[PDB]
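Pasting start-v7.txt here (compact mmCIF, N, CA and C atoms):
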```txt
# COMPACT_ATOMS: atom_id res chain seq x y z
N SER A 2 47.33 -42.70 -47.79
CA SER A 2 47.60 -43.87 -46.98
C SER A 2 46.28 -44.50 -46.53
N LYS A 3 46.05 -45.75 -46.96
CA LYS A 3 44.71 -46.34 -46.96
C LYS A 3 44.19 -46.61 -45.56
N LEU A 4 44.85 -47.49 -44.82
CA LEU A 4 44.24 -48.04 -43.61
C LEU A 4 44.33 -47.08 -42.44
N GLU A 5 45.38 -46.27 -42.36
CA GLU A 5 45.35 -45.23 -41.35
C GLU A 5 44.63 -43.97 -41.82
N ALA A 6 44.32 -43.86 -43.12
CA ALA A 6 43.31 -42.90 -43.54
C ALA A 6 41.92 -43.34 -43.08
N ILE A 7 41.67 -44.65 -43.08
CA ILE A 7 40.43 -45.18 -42.52
C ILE A 7 40.41 -44.99 -41.00
N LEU A 8 41.56 -45.13 -40.35
CA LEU A 8 41.66 -44.84 -38.92
C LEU A 8 41.42 -43.36 -38.64
N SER A 9 41.92 -42.47 -39.49
CA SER A 9 41.62 -41.05 -39.34
C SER A 9 40.19 -40.71 -39.75
N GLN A 10 39.54 -41.54 -40.55
CA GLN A 10 38.12 -41.31 -40.81
C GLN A 10 37.27 -41.82 -39.65
N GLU A 11 37.74 -42.86 -38.95
CA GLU A 11 37.17 -43.22 -37.65
C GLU A 11 37.35 -42.08 -36.65
N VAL A 12 38.48 -41.38 -36.74
CA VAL A 12 38.71 -40.18 -35.94
C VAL A 12 37.70 -39.08 -36.29
N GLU A 13 37.44 -38.88 -37.59
CA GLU A 13 36.37 -37.94 -37.97
C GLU A 13 34.99 -38.42 -37.55
N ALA A 14 34.79 -39.74 -37.45
CA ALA A 14 33.55 -40.26 -36.87
C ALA A 14 33.49 -40.00 -35.37
N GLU A 15 34.65 -39.94 -34.70
CA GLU A 15 34.68 -39.53 -33.30
C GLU A 15 34.36 -38.05 -33.16
N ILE A 16 34.83 -37.23 -34.11
CA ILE A 16 34.42 -35.82 -34.18
C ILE A 16 32.91 -35.72 -34.37
N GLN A 17 32.37 -36.57 -35.24
CA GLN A 17 30.93 -36.64 -35.49
C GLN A 17 30.16 -37.01 -34.23
N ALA A 18 30.61 -38.04 -33.52
CA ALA A 18 29.97 -38.45 -32.28
C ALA A 18 30.08 -37.36 -31.22
N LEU A 19 31.19 -36.63 -31.21
CA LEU A 19 31.37 -35.58 -30.22
C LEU A 19 30.47 -34.38 -30.51
N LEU A 20 30.26 -34.05 -31.79
CA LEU A 20 29.35 -32.95 -32.10
C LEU A 20 27.89 -33.38 -31.93
N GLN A 21 27.59 -34.67 -32.13
CA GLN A 21 26.30 -35.23 -31.74
C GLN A 21 26.05 -35.05 -30.25
N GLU A 22 27.04 -35.40 -29.43
CA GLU A 22 26.91 -35.23 -27.98
C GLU A 22 26.88 -33.76 -27.59
N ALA A 23 27.53 -32.89 -28.38
CA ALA A 23 27.52 -31.46 -28.12
C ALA A 23 26.13 -30.86 -28.33
N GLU A 24 25.55 -31.10 -29.51
CA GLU A 24 24.18 -30.67 -29.79
C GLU A 24 23.18 -31.30 -28.82
N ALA A 25 23.38 -32.58 -28.49
CA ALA A 25 22.49 -33.27 -27.56
C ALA A 25 22.57 -32.68 -26.17
N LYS A 26 23.78 -32.29 -25.73
CA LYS A 26 23.93 -31.69 -24.42
C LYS A 26 23.32 -30.29 -24.37
N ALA A 27 23.50 -29.51 -25.45
CA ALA A 27 22.90 -28.17 -25.50
C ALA A 27 21.38 -28.24 -25.47
N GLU A 28 20.80 -29.18 -26.22
CA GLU A 28 19.34 -29.31 -26.23
C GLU A 28 18.82 -29.89 -24.92
N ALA A 29 19.56 -30.81 -24.30
CA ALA A 29 19.13 -31.39 -23.03
C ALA A 29 19.13 -30.36 -21.92
N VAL A 30 20.21 -29.57 -21.81
CA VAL A 30 20.29 -28.53 -20.79
C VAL A 30 19.26 -27.44 -21.03
N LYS A 31 19.05 -27.05 -22.30
CA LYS A 31 18.05 -26.03 -22.61
C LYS A 31 16.64 -26.52 -22.30
N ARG A 32 16.35 -27.79 -22.56
CA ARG A 32 15.02 -28.33 -22.29
C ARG A 32 14.75 -28.43 -20.79
N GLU A 33 15.71 -28.96 -20.02
CA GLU A 33 15.48 -29.13 -18.59
C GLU A 33 15.45 -27.78 -17.87
N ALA A 34 16.25 -26.82 -18.32
CA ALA A 34 16.19 -25.51 -17.71
C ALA A 34 14.99 -24.70 -18.20
N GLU A 35 14.44 -25.03 -19.37
CA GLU A 35 13.18 -24.42 -19.81
C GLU A 35 12.02 -24.90 -18.96
N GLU A 36 11.98 -26.22 -18.70
CA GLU A 36 11.04 -26.79 -17.74
C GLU A 36 11.14 -26.11 -16.39
N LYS A 37 12.37 -25.90 -15.90
CA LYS A 37 12.55 -25.23 -14.62
C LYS A 37 12.19 -23.75 -14.67
N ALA A 38 12.40 -23.09 -15.82
CA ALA A 38 12.03 -21.69 -15.95
C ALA A 38 10.52 -21.51 -15.85
N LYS A 39 9.77 -22.35 -16.58
CA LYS A 39 8.32 -22.28 -16.52
C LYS A 39 7.79 -22.71 -15.15
N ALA A 40 8.42 -23.72 -14.54
CA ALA A 40 7.97 -24.21 -13.24
C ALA A 40 8.22 -23.19 -12.14
N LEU A 41 9.38 -22.53 -12.15
CA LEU A 41 9.67 -21.50 -11.15
C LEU A 41 8.86 -20.23 -11.37
N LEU A 42 8.61 -19.87 -12.64
CA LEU A 42 7.63 -18.85 -13.00
C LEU A 42 6.30 -19.08 -12.30
N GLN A 43 5.69 -20.24 -12.57
CA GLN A 43 4.38 -20.55 -12.01
C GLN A 43 4.43 -20.71 -10.50
N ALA A 44 5.55 -21.21 -9.97
CA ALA A 44 5.69 -21.41 -8.53
C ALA A 44 5.65 -20.09 -7.77
N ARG A 45 6.54 -19.15 -8.14
CA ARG A 45 6.57 -17.88 -7.41
C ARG A 45 5.33 -17.04 -7.70
N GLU A 46 4.76 -17.15 -8.91
CA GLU A 46 3.51 -16.45 -9.22
C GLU A 46 2.37 -16.93 -8.35
N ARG A 47 2.13 -18.25 -8.30
CA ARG A 47 0.99 -18.77 -7.56
C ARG A 47 1.21 -18.65 -6.06
N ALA A 48 2.46 -18.68 -5.59
CA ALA A 48 2.72 -18.52 -4.16
C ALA A 48 2.43 -17.09 -3.70
N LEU A 49 2.98 -16.09 -4.40
CA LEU A 49 2.71 -14.72 -3.98
C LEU A 49 1.27 -14.32 -4.30
N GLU A 50 0.66 -14.95 -5.31
CA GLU A 50 -0.75 -14.71 -5.60
C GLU A 50 -1.64 -15.26 -4.49
N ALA A 51 -1.31 -16.43 -3.96
CA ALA A 51 -2.08 -16.99 -2.85
C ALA A 51 -1.90 -16.17 -1.58
N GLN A 52 -0.69 -15.64 -1.36
CA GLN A 52 -0.47 -14.78 -0.20
C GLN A 52 -1.25 -13.47 -0.33
N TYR A 53 -1.22 -12.87 -1.53
CA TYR A 53 -2.03 -11.70 -1.84
C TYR A 53 -3.52 -11.96 -1.65
N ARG A 54 -4.00 -13.12 -2.11
CA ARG A 54 -5.41 -13.45 -2.01
C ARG A 54 -5.84 -13.64 -0.56
N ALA A 55 -5.04 -14.38 0.23
CA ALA A 55 -5.37 -14.59 1.63
C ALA A 55 -5.29 -13.30 2.44
N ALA A 56 -4.38 -12.40 2.07
CA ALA A 56 -4.33 -11.09 2.71
C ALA A 56 -5.59 -10.28 2.41
N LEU A 57 -6.10 -10.37 1.17
CA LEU A 57 -7.33 -9.67 0.83
C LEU A 57 -8.54 -10.24 1.58
N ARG A 58 -8.62 -11.58 1.66
CA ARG A 58 -9.68 -12.24 2.43
C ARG A 58 -9.67 -11.82 3.90
N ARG A 59 -8.51 -11.92 4.56
CA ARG A 59 -8.47 -11.59 5.98
C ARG A 59 -8.63 -10.09 6.21
N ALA A 60 -8.21 -9.26 5.26
CA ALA A 60 -8.37 -7.81 5.40
C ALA A 60 -9.84 -7.42 5.34
N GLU A 61 -10.58 -7.95 4.35
CA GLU A 61 -12.00 -7.62 4.28
C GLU A 61 -12.79 -8.26 5.42
N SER A 62 -12.34 -9.42 5.90
CA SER A 62 -13.00 -10.05 7.03
C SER A 62 -12.80 -9.25 8.31
N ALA A 63 -11.58 -8.74 8.53
CA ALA A 63 -11.31 -7.94 9.72
C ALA A 63 -12.01 -6.59 9.65
N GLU B 61 16.69 -14.18 -16.41
CA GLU B 61 15.24 -14.09 -16.61
C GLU B 61 14.48 -14.49 -15.36
N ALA B 62 14.95 -15.53 -14.66
CA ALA B 62 14.30 -15.97 -13.42
C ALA B 62 14.34 -14.87 -12.37
N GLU B 63 15.51 -14.26 -12.17
CA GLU B 63 15.64 -13.21 -11.16
C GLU B 63 14.87 -11.95 -11.54
N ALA B 64 14.86 -11.60 -12.84
CA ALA B 64 14.18 -10.39 -13.30
C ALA B 64 12.67 -10.52 -13.15
N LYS B 65 12.11 -11.64 -13.62
CA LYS B 65 10.67 -11.84 -13.48
C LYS B 65 10.27 -12.04 -12.03
N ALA B 66 11.14 -12.63 -11.21
CA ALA B 66 10.85 -12.79 -9.79
C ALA B 66 10.76 -11.45 -9.08
N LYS B 67 11.75 -10.57 -9.31
CA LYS B 67 11.73 -9.24 -8.72
C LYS B 67 10.56 -8.41 -9.24
N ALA B 68 10.22 -8.55 -10.53
CA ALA B 68 9.10 -7.83 -11.11
C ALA B 68 7.78 -8.23 -10.46
N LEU B 69 7.55 -9.54 -10.35
CA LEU B 69 6.36 -10.08 -9.68
C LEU B 69 6.28 -9.59 -8.24
N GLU B 70 7.39 -9.70 -7.49
CA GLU B 70 7.38 -9.36 -6.07
C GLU B 70 7.09 -7.88 -5.84
N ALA B 71 7.82 -6.99 -6.52
CA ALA B 71 7.64 -5.56 -6.32
C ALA B 71 6.26 -5.09 -6.79
N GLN B 72 5.87 -5.47 -8.02
CA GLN B 72 4.63 -4.95 -8.59
C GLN B 72 3.41 -5.47 -7.85
N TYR B 73 3.40 -6.76 -7.50
CA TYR B 73 2.22 -7.27 -6.83
C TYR B 73 2.25 -7.01 -5.33
N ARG B 74 3.40 -6.65 -4.76
CA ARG B 74 3.43 -6.11 -3.40
C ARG B 74 2.78 -4.73 -3.34
N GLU B 75 3.08 -3.87 -4.32
CA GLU B 75 2.41 -2.58 -4.34
C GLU B 75 0.94 -2.71 -4.74
N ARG B 76 0.61 -3.73 -5.55
CA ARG B 76 -0.78 -4.05 -5.83
C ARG B 76 -1.53 -4.47 -4.57
N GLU B 77 -0.89 -5.31 -3.74
CA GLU B 77 -1.40 -5.67 -2.42
C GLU B 77 -1.73 -4.45 -1.58
N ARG B 78 -0.77 -3.53 -1.46
CA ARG B 78 -0.98 -2.33 -0.65
C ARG B 78 -2.11 -1.46 -1.19
N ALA B 79 -2.15 -1.28 -2.52
CA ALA B 79 -3.16 -0.42 -3.13
C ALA B 79 -4.56 -1.00 -2.97
N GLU B 80 -4.72 -2.31 -3.21
CA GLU B 80 -6.04 -2.93 -3.12
C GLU B 80 -6.52 -3.01 -1.68
N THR B 81 -5.61 -3.31 -0.75
CA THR B 81 -5.94 -3.33 0.67
C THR B 81 -6.44 -1.97 1.14
N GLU B 82 -5.74 -0.90 0.74
CA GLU B 82 -6.15 0.45 1.13
C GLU B 82 -7.48 0.84 0.49
N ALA B 83 -7.67 0.48 -0.78
CA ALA B 83 -8.87 0.89 -1.50
C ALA B 83 -10.12 0.21 -0.96
N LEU B 84 -9.99 -1.03 -0.50
CA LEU B 84 -11.14 -1.71 0.08
C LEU B 84 -11.38 -1.24 1.52
N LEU B 85 -10.29 -1.04 2.26
CA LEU B 85 -10.35 -0.64 3.67
C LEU B 85 -10.96 0.75 3.86
N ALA B 86 -10.71 1.68 2.93
CA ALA B 86 -11.26 3.03 3.06
C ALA B 86 -12.79 3.04 2.96
N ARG B 87 -13.34 2.26 2.02
CA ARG B 87 -14.79 2.11 1.94
C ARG B 87 -15.34 1.34 3.13
N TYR B 88 -14.52 0.51 3.77
CA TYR B 88 -14.96 -0.09 5.02
C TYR B 88 -15.08 0.94 6.14
N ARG B 89 -14.17 1.92 6.19
CA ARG B 89 -14.36 3.06 7.10
C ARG B 89 -15.62 3.85 6.76
N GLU B 90 -15.90 3.98 5.46
CA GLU B 90 -17.12 4.64 5.00
C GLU B 90 -18.38 3.93 5.51
N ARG B 91 -18.40 2.59 5.41
CA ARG B 91 -19.53 1.83 5.93
C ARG B 91 -19.63 1.95 7.45
N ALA B 92 -18.49 2.04 8.15
CA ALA B 92 -18.51 2.21 9.60
C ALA B 92 -19.21 3.50 9.99
N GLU B 93 -18.82 4.61 9.36
CA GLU B 93 -19.45 5.90 9.64
C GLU B 93 -20.93 5.91 9.25
N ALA B 94 -21.26 5.25 8.13
CA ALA B 94 -22.64 5.20 7.66
C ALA B 94 -23.54 4.44 8.62
N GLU B 95 -23.10 3.26 9.06
CA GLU B 95 -23.89 2.44 9.98
C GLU B 95 -24.05 3.13 11.33
N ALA B 96 -22.98 3.78 11.82
CA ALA B 96 -23.05 4.49 13.09
C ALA B 96 -24.07 5.62 13.04
N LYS B 97 -23.99 6.47 12.01
CA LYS B 97 -24.93 7.60 11.97
C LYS B 97 -26.35 7.15 11.63
N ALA B 98 -26.50 6.03 10.90
CA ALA B 98 -27.83 5.52 10.60
C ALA B 98 -28.53 5.00 11.85
N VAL B 99 -27.79 4.29 12.71
CA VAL B 99 -28.43 3.83 13.95
C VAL B 99 -28.58 4.99 14.94
N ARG B 100 -27.76 6.05 14.84
CA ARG B 100 -28.04 7.27 15.60
C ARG B 100 -29.36 7.90 15.17
N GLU B 101 -29.62 7.94 13.86
CA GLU B 101 -30.85 8.54 13.35
C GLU B 101 -32.06 7.70 13.73
N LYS B 102 -31.91 6.37 13.71
CA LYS B 102 -33.00 5.52 14.17
C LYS B 102 -33.21 5.65 15.67
N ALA B 103 -32.15 5.95 16.42
CA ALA B 103 -32.25 6.02 17.88
C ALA B 103 -32.85 7.33 18.36
N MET B 104 -32.47 8.45 17.74
CA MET B 104 -32.73 9.76 18.33
C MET B 104 -34.19 10.19 18.27
N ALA B 105 -34.99 9.59 17.40
CA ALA B 105 -36.39 9.98 17.28
C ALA B 105 -37.32 9.10 18.11
N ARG B 106 -36.94 7.85 18.37
CA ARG B 106 -37.78 6.90 19.07
C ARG B 106 -37.52 6.88 20.57
N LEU B 107 -37.11 8.01 21.14
CA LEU B 107 -36.88 8.11 22.58
C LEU B 107 -38.14 8.61 23.27
N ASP B 108 -38.29 8.20 24.54
CA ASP B 108 -39.30 8.60 25.52
C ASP B 108 -40.68 8.00 25.23
N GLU B 109 -40.83 7.33 24.09
CA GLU B 109 -42.09 6.68 23.76
C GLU B 109 -42.27 5.38 24.51
N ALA B 110 -41.19 4.77 24.99
CA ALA B 110 -41.25 3.52 25.72
C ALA B 110 -40.84 3.65 27.18
N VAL B 111 -40.26 4.79 27.58
CA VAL B 111 -39.86 4.93 28.96
C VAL B 111 -41.08 5.10 29.86
N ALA B 112 -42.21 5.55 29.31
CA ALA B 112 -43.45 5.51 30.07
C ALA B 112 -43.93 4.09 30.28
N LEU B 113 -43.64 3.19 29.34
CA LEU B 113 -43.98 1.78 29.54
C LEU B 113 -43.10 1.16 30.62
N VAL B 114 -41.80 1.46 30.60
CA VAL B 114 -40.94 0.85 31.62
C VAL B 114 -41.22 1.47 32.99
N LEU B 115 -41.68 2.73 33.05
CA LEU B 115 -42.12 3.29 34.32
C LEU B 115 -43.48 2.77 34.76
N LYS B 116 -44.33 2.36 33.82
CA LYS B 116 -45.55 1.65 34.19
C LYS B 116 -45.22 0.29 34.80
N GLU B 117 -44.17 -0.37 34.29
CA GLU B 117 -43.87 -1.70 34.79
C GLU B 117 -43.08 -1.67 36.10
N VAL B 118 -42.20 -0.69 36.28
CA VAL B 118 -41.38 -0.63 37.50
C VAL B 118 -42.23 -0.25 38.71
N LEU B 119 -42.99 0.84 38.60
CA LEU B 119 -43.83 1.27 39.71
C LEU B 119 -45.00 0.30 39.89
N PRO B 120 -45.24 -0.19 41.12
CA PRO B 120 -46.28 -1.18 41.40
C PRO B 120 -47.69 -0.62 41.26
```
Turn the structure described in the file into structure tokens.
Amino acid sequence: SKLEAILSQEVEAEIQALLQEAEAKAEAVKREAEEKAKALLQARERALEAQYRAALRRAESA
Amino acid sequence: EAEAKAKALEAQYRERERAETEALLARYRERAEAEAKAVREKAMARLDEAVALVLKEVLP
């Protein structure tokens, strides 16, 4: 059936657009949470490192 | 991964804090004892050599 076979191929193009959005959503979430993983890594590292460093400074000074 | 690396950093570098603080502080006690006994040694031999001077100055 010609024209509603074309309508069902538009439906397969909607499947195509949905899997495009699926891969795009997976990569977007992975990228933004990778940014946050590295940022929180460096954040807690440098914060506790600065606390450790200032404790060493004030300890040797005292 | 965030929670695991956070707990690893906190625990390991907290014990690193304690170990380094103690290791530096103990040698600071060592310097305290060294300086005290060194100025005792400088003090104990140079006595009575100047008290005759201060008795020369006090008595008219």
Report task. Could you list the residues in chain B lying within 8 Å of chain A, using only N, CA and C atoms, and format the result as a VMD selection string? Result -> chain B and resid 61 to 62 65 to 66 69 to 70 73 to 74 76 to 77 80 to 81 84 to 85
Please produce an output containing N, CA and C atoms for each residue in the selection, written as a PDB file, in the coordinates of the input.
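The file below, selection-v1.pdb, is the result:
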```pdb
ATOM      1  N   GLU B  61      16.690 -14.180 -16.410  1.00  0.00           N
ATOM      2  CA  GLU B  61      15.240 -14.090 -16.610  1.00  0.00           C
ATOM      3  C   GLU B  61      14.480 -14.490 -15.360  1.00  0.00           C
ATOM      4  N   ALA B  62      14.950 -15.530 -14.660  1.00  0.00           N
ATOM      5  CA  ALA B  62      14.300 -15.970 -13.420  1.00  0.00           C
ATOM      6  C   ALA B  62      14.340 -14.870 -12.370  1.00  0.00           C
ATOM      7  N   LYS B  65      12.110 -11.640 -13.620  1.00  0.00           N
ATOM      8  CA  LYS B  65      10.670 -11.840 -13.480  1.00  0.00           C
ATOM      9  C   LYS B  65      10.270 -12.040 -12.030  1.00  0.00           C
ATOM     10  N   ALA B  66      11.140 -12.630 -11.210  1.00  0.00           N
ATOM     11  CA  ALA B  66      10.850 -12.790  -9.790  1.00  0.00           C
ATOM     12  C   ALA B  66      10.760 -11.450  -9.080  1.00  0.00           C
ATOM     13  N   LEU B  69       7.550  -9.540 -10.350  1.00  0.00           N
ATOM     14  CA  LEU B  69       6.360 -10.080  -9.680  1.00  0.00           C
ATOM     15  C   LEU B  69       6.280  -9.590  -8.240  1.00  0.00           C
ATOM     16  N   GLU B  70       7.390  -9.700  -7.490  1.00  0.00           N
ATOM     17  CA  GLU B  70       7.380  -9.360  -6.070  1.00  0.00           C
ATOM     18  C   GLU B  70       7.090  -7.880  -5.840  1.00  0.00           C
ATOM     19  N   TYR B  73       3.400  -6.760  -7.500  1.00  0.00           N
ATOM     20  CA  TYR B  73       2.220  -7.270  -6.830  1.00  0.00           C
ATOM     21  C   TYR B  73       2.250  -7.010  -5.330  1.00  0.00           C
ATOM     22  N   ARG B  74       3.400  -6.650  -4.760  1.00  0.00           N
ATOM     23  CA  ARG B  74       3.430  -6.110  -3.400  1.00  0.00           C
ATOM     24  C   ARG B  74       2.780  -4.730  -3.340  1.00  0.00           C
ATOM     25  N   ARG B  76       0.610  -3.730  -5.550  1.00  0.00           N
ATOM     26  CA  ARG B  76      -0.780  -4.050  -5.830  1.00  0.00           C
ATOM     27  C   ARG B  76      -1.530  -4.470  -4.570  1.00  0.00           C
ATOM     28  N   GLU B  77      -0.890  -5.310  -3.740  1.00  0.00           N
ATOM     29  CA  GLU B  77      -1.400  -5.670  -2.420  1.00  0.00           C
ATOM     30  C   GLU B  77      -1.730  -4.450  -1.580  1.00  0.00           C
ATOM     31  N   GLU B  80      -4.720  -2.310  -3.210  1.00  0.00           N
ATOM     32  CA  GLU B  80      -6.040  -2.930  -3.120  1.00  0.00           C
ATOM     33  C   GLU B  80      -6.520  -3.010  -1.680  1.00  0.00           C
ATOM     34  N   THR B  81      -5.610  -3.310  -0.750  1.00  0.00           N
ATOM     35  CA  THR B  81      -5.940  -3.330   0.670  1.00  0.00           C
ATOM     36  C   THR B  81      -6.440  -1.970   1.140  1.00  0.00           C
ATOM     37  N   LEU B  84      -9.990  -1.030  -0.500  1.00  0.00           N
ATOM     38  CA  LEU B  84     -11.140  -1.710   0.080  1.00  0.00           C
ATOM     39  C   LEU B  84     -11.380  -1.240   1.520  1.00  0.00           C
ATOM     40  N   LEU B  85     -10.290  -1.040   2.260  1.00  0.00           N
ATOM     41  CA  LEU B  85     -10.350  -0.640   3.670  1.00  0.00           C
ATOM     42  C   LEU B  85     -10.960   0.750   3.860  1.00  0.00           C
TER      43      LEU B  85
END
```
Could the centre and edge lengths of an axis-aligned box, enclosing all atoms of stretch 103-120 of chain B in the file with 4 Å extra on each side, be given in Å to one decimal as AutoDock Vina command-line options?
```
--center_x -39.9 --center_y 4.2 --center_z 28.9 --size_x 23.5 --size_y 19.9 --size_z 33.0
```
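Interatomic distance, atom C of residue A:10 against atom CA of residue A:23: 18.3 Å.
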Query - Length of the atom CA of residue B:64 to atom CA of residue A:44 vector [Å] - result: 14.7 Å
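Going from atom N of residue B:117 over to atom CA of residue B:102, you cover 23.8 Å.
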